[PDB]
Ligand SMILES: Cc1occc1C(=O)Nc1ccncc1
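Take a look at this single chain, the form solved without the ligand, given in structure tokens.
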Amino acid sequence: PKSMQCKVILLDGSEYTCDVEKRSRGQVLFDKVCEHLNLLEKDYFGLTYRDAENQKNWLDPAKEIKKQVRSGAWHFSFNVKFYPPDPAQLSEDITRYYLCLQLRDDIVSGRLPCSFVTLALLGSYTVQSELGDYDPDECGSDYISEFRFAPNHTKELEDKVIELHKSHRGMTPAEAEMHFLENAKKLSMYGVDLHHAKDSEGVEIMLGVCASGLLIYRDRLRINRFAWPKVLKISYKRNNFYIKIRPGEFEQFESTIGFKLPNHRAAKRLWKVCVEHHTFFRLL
């Protein structure tokens, strides 16, 4: 029975290596990674791979790994797929811990924009969770943390992290992680997966996919939001992505909004993440 070596980048930046039979489904590898992580609340998470143009795709757990990675390396990342709108309702601290690690990367990467004060508050909770109580012996007036807190670090941000860290004396890791999540969950781009698109007039937009529904960023003054229950059908054809928006009360007919995606694969990817979010957040 022939086995393929898999390498998975974990959310702490470390690499897990294992072997699966070459005709394995994605679920087989995912179960091995989750057992390694001592993760029970697995439904929120998934594995991603990078294709030819370094674009992220979700590894479908129900399909053969080889029919997804195709010509590419068996290299994956472990990621949050479905961001819980209320992380306090997760059953396990370790689930909230992995969600914190994902969100720290969301922040440092700039996928999750954040005010100065929120960057410093989130940073202060991470430090409290990881080092425990503030100690002056490690931090002088010229302290710079090993922790990456932001897309761009400043001495002012490092100072503010330390000032807030002093306020958290006696806070346990689980407690600090829950505070981190209570703040992060409120950010306007929390759990929003952004896709580049053009509207029916060729104007550049972004489509955001999240728990609450589909967001269309038209401009800074115009953001259209379609709650999942207002969405009846999602479809793709060639480079195009379509949603069927319910008739409001007393309307005879559904409305159709069409989008142009960069290519057919980008249309299919957007369709599948929308279907998965619609299903997941219909059941929560």
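Rigid core (definition): largest C-alpha set, two forms, superposition within 1.5 Å. In this text, residue numbers run from 1 along the sequence as written.
The rigid core fit leaves 222-230 as the farther-lying stretch in 8 other deposited structures of this protein, judged by Cα positions and set against 222-230 and 235-243. Here the rigid core sets the fit, and in 8 other deposited structures of this protein the C-alphas of 138-146 stray farther than those of the other stretch, out of 184-192 and 138-146. Averaged over CA atoms, B-factors in the entry run higher in 197-205 than in the other of 197-205 and 97-105. The mean Cα B-factor in the deposited entry runs higher for 256-264 than for the other of 256-264 and 272-280. For the set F82, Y125, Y190, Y143, the PDB entry assigns the largest Cα B-factor to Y143. For the set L221, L39, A62, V28, the PDB entry puts the maximum C-alpha B factor at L221. In the deposited entry, the Cα temperature factor of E163 places it in the middle third of its chain's modelled residues. Split the chain's modelled residues into thirds by C-alpha temperature factor. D137 is in the highest one. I243 sits in the highest third of its chain by CA B factor, as recorded in the PDB entry. Compared with the other modelled residues of the chain, the Cα B-factor recorded for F76 ranks in the lowest third. When the CA B factors of the chain's modelled residues are split into thirds, the value for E177 lands in the lowest one.
Not pictured, yet referred to below: the form deposited with the ligand bound.
The site is blocked: after superposition of the local C-alphas, three or more atoms of the ligand, taken in the bound PDB entry, come within 2.4 Å of this form's backbone or C-beta atoms. Contact annotation: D43 falls within 4.5 Å of the ligand in the bound PDB entry, judged by heavy atom distances.
Within 4.5 Å of any heavy atom of the ligand in the bound PDB entry lies no heavy atom of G72.
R282 belongs to the set of residues with a heavy atom inside 4.5 Å of the ligand in the bound PDB entry. If you take 58-95 and check each residue for a heavy atom within 4.5 Å of the ligand in the bound PDB entry, you get just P85.
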